[PDB]
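Numbering (the authors' numbering), first residue to last: 22 to 142. For every residue, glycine included, the Cβ atom is placed at its ideal position computed from N, Cα and C.
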Amino acid sequence: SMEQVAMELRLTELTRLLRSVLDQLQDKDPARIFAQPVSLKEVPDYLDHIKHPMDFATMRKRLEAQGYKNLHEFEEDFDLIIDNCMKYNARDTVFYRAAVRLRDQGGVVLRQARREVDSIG
């Protein structure tokens, strides 16, 4: 149908906007601490601690499959990156501190994304 096409164009455009959001959030991680999944070879107990692992490469795979229906779903995944790190790692670690800085800097980007998503519809 024409409607299904219109819906598909909306999703494509959301995916375009979320791709730009993802690039901007990932720039706030210049150390690449959150770029890839925590390695289960190197942290073999990780899944005993963290039940829903997340990272920027995994978000990118979902994004490019158009697997984010709305900004809320995308934000859920970004929040998992941060919250998983802040539980697994102690406060006095470069990893925890990186997550705090990513959260703080990401807030600004996500604030405007929400306005853009609502605005453009």
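Report the three-state DSSP secondary structure of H73 (helix, strand or coil).
coil
Excluding sequence positions up to five away, which residues of its chain have a Cβ less than 7 Å from the Cβ of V59?
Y67, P74
Near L32, what residues of its chain come up, given a Cβ to Cβ distance below 8 Å and the 5 sequence neighbours on each side ignored?
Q87, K90
Which one of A119, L131, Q45, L46 has the shortest CA to CA distance from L92?
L131
Is the beta carbon of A56 closer than 8 Å to that of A119?
no
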